[PDB]
Structures are given as C-alpha cells and as structure tokens.
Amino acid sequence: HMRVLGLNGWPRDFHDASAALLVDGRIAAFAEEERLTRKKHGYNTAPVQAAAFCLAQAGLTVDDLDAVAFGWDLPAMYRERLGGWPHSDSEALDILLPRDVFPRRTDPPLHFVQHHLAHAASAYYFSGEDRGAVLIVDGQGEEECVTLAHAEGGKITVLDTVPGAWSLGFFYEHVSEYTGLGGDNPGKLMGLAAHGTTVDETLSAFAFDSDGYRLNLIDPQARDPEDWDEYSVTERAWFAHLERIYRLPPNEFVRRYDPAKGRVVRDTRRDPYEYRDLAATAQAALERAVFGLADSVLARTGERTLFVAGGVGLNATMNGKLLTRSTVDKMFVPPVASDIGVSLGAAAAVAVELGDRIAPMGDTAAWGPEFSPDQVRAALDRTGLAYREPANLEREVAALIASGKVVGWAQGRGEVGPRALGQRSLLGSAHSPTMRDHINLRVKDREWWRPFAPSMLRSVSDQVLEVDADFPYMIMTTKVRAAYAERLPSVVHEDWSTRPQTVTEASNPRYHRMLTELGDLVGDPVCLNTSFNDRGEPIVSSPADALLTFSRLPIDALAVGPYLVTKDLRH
C-alpha cells in the first residue's frame, strides 16, 4: 500500500485549503477545508480539518502515511519572494499537520510539488486517458499563470509557461471585482457574461494570436516586490485600464447598517447587471485567449485529448466551446480544477513517483464525509423537528420535485469542488418555467440573472444532449437536442446551452434511482440541481449544516440520509 496525503493551504496569504488521501492510487478521502470550517474559500490556514477527516475516514494516522505532499513549491516561494525558507521539514510538518491534531512518532517524507505540476497531475492522472495535451490556466503558480505541457507514459513534461503578470485568471477576477461581483466570485461574472453583448473582445489590452494572446497593457515581467504573487500589480493595471476604456467606473462596495438585519451589511453602489457588456466582453476575451493556448499545446504535442486545470478551468462556458473546437476530440477537466485540486494533484504526483498507478476519478466527486442513519438521527433529534423515514425516499422525493417543490438532498459522501452533484444539492423541477425565479429570488434571495443546471441519467443524455459523453461534474457546457430545448426551461438557456451532470447508477445509486422515479412522472429523468447553501456559506457538509440551512430558507423538504423532513406548515 502506498498512502499519500496531499495538502493545500498554509496560514499565510493562502486560499482553497484542502486535503486528499490516496491509498494504492485510489482516492480514499478528499475534502475542502471550507466545508468543515464553514468558512468560505479556506483562507489562511493549513487544511487541518480536511486532513483530520481524511485520516479518520481511512482509519489512519500520520505514521501510516508513506508521504505528505503539498501542492506548491513553498520553499521556492519563500526563497524568491520572502528572502528565504526558514522551516525544516519537521517545522513545516508541524504547521501543515499540527501535532495537537496529528500525533506522530516520526516525520513522514515531505514533498513540495510545483503548483502547476500539481494542477496538471489532478487532471492527467485521474482522466482515465493515457496521454494528452495539458493546459494549466491559473491565477498564478509560484511564477507562471499558464503552463503548457505534454502528458504521456505517466509523465508530465512542460513545454512552455506564461509569467504571472499576464494572468488570465487574475484578469477575470479583477473584472469580476470591478463589476462589484467580487474577485472571489468569478463564477458570477461568467453567469453575468451570458446576458451581455461583446463589443471589442480585445478590451484594448489583449492581442490574440493562433498560439494564445499578448497583453501589451502589462510588462510580462512585472512583479510585486512586496508580495509573492502579481495580483496587486495586475489589479492596479486592470482597474486603471478598465476605468479608461469602459463607460462605467469601478462598482464600489458599500458597508451600511441595515436595521432590518441588525448588522452592517455589504452591498454594491451599482447593480452589477449594469456591467453585463463588460462581463460578456471579458468572457469573450478569456475564451479567445484560451482557444489559442489550447490549439497551441494540442498542435505542439500532437494530441487530440485536452486536459485543463487551474482556476480558469472552472469556466464551464469556455470549456464547452473548447470541447466543440475542431482541434479537440476528448477533454477531461477534473471537478477540482481550481487550487483545491492541488492537494490531490500533489498526492498523485508523489504516489506516481513512488510507483503507484492512479485510478480514474470515474464519474464521481463524492469523496467527502458521509454520515450514517444514527448520526443523521442524532442531528435531527437536536432540532426537535418531526420527521419521517419513507419506505421509498427516492420515489417520494421524485414526486415532490415533480410537483414543483424544492428539496434539500443530503446523501452519502459530500462532493468535492464547487458544484453540487447529488450528494449536497437543492433539487427542483427542470421542467418548470417559474422554478428559476423561485429559487433565485424566493429560495436563495439572490440575483435574478443566475443560471441553473440539470442533473440527468447518463442513460438518457445521448437523447437530451447533442454530445454522447459523460458530463459528471457540471464543469462543461454543451447543447441540448431540439426535442429537449423547450421541455427544460429552468435548466436550459435560450440558445439551448446547458451545464449538465450526467449520473450513472454506479456513481450514485440513490440519486440515480430518484432521477429514474422522476422520469416516470415528468417524462424525463432530469432535474434542476443547484448547490445546497446560499450565498453566505459553503455547500452544507454535515446533517446539522443541512438542517440549519433547511431551517433558514423557504425550502419545502429535506431528504437527509433515509429521513424526510418537510416544512413545519402547521400554525
């Protein structure tokens, strides 16, 4: 047995803390720190809770680990940007895996994996493809924002990189911040982009070419001498530039006491929807730049399978377009394309180096904690709420969804990555022309313009989608076929695009069974599946998380383990 615990997250200026445990090339456990701490983005912390979960899940201690792997070359970052790496491996381990939580007789071997290699490994080794072109499009690794590489024979070989100051990831975040959506919410910008019109996709900054892009706006070697990434420098250049060329200045954040909430709340001075043309233009710029990069690495490596990772790899809209490009035959993008994935990627790189073969992710991201009926019942008993244990939970949930009710669904192992995939989901009718507004406005109290996406049986996706492939992660858009382009108004855009999850019976028997039951009711084993949370918290993880969220949102029912809780509608 090779047992490799991969980590991301550090107490200093870090985000997306996570931990992943590989046992014999298989993912035994994987969690994001935020889901456990309830603090979004897992900022400024070693993945203490995630790693503790991984070990508990696998019945291991640190002494059982062959290696600890970290998904950045942190010593290099310290030496380059901070004047030196002051920690011995043991001191680094004490910080990554504090001894009060992680008792140990001795130190496991500690590996620092170069950040983009970790990203790349998170795609390649888990894709189930033996070779392909690697495109890493990121905020920034230690120094580069882009890496082009060749994956083959179990090896990843870098062909080229692009320096941090030219980051497409930072660019997009800066635009997202500029619009008031926030640099921490690039996914919103992508959603907003669909509502805008693109004027000039260069934004008077990019020049596009067949291999990617240039950004003459910024010295490619520019560097923040007072930090260890170029975010601040790129932020300043982009904000100054955008204000010059775009009709609207930055959308400012407003902090005011709201007597209705009894607290100071953060709002935006302007409606971000006003910036929709900026959003559309940014999205078009990003796509175009990335098309060039992808074409380039595919041509250079002579592959037709594309692996994408890095934070920009979460741009599902861009991914769908990459997928239809004449230069691409197959694509794999892991659900953890962002920095949360570099724990797993670092683990894989190390495990591979130690001679293990890495198994394919296989159409599931359900690697987080799960809870037994007794554990769920314990959380239920805390609330004093009445509940039922349906003889056929999946059937009853199907009928609730069919009738236009919104159902919390907390089952099995929590998914990893930012998408709910039927382990921690809010479910609703894909067929309802009012469900979208209901969930945006009534349920999650958020922006009317946010899109929703469908889960569907893999066994019907051939008929529903124009492409007969697995879409296990909702990380890639595609188009529905004519026969379904009007049946599914809550989850299919005007232009027939959608960002689906396909579900196999093996990946998730209960969800699969539920979708099946729903199919007998509404014709199509397809439902709306959105994240189980709202805007203020990470996706719920524990049964207590689910009950808490259930109780503060006008959700109709909660299916948590074998139990069904419905809204206390008695007066």
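Residues carry their position along the shown sequence, with the first being 1.
Relative to one another, 166-174 and 395-403 have unequal mean CA B-factors, and 395-403 is the one with the higher figure. The PDB entry records a higher mean C-alpha B factor for 515-523 than for its counterpart among 515-523 and 55-63. Comparing C-alpha B-factors across 184, 466, 437, 94 in the deposited entry, the largest value falls on 466.
Of the candidates 210, 147, 114, 364, the deposited coordinates give 364 the top C-alpha B factor. The PDB entry assigns residue 374 a C-alpha temperature factor belonging to the middle third of its chain's modelled residues. When the CA B factors of the chain's modelled residues are split into thirds, the value for residue 454 lands in the middle one. In the deposited entry, the Cα temperature factor of residue 108 sits in the middle third of values across the chain's modelled residues. The entry lists a Cα temperature factor for residue 4 that places it in the lowest third of the chain's modelled residues. Sort the chain's modelled residues by C-alpha temperature factor and residue 47 lands in the lowest third, per the entry.
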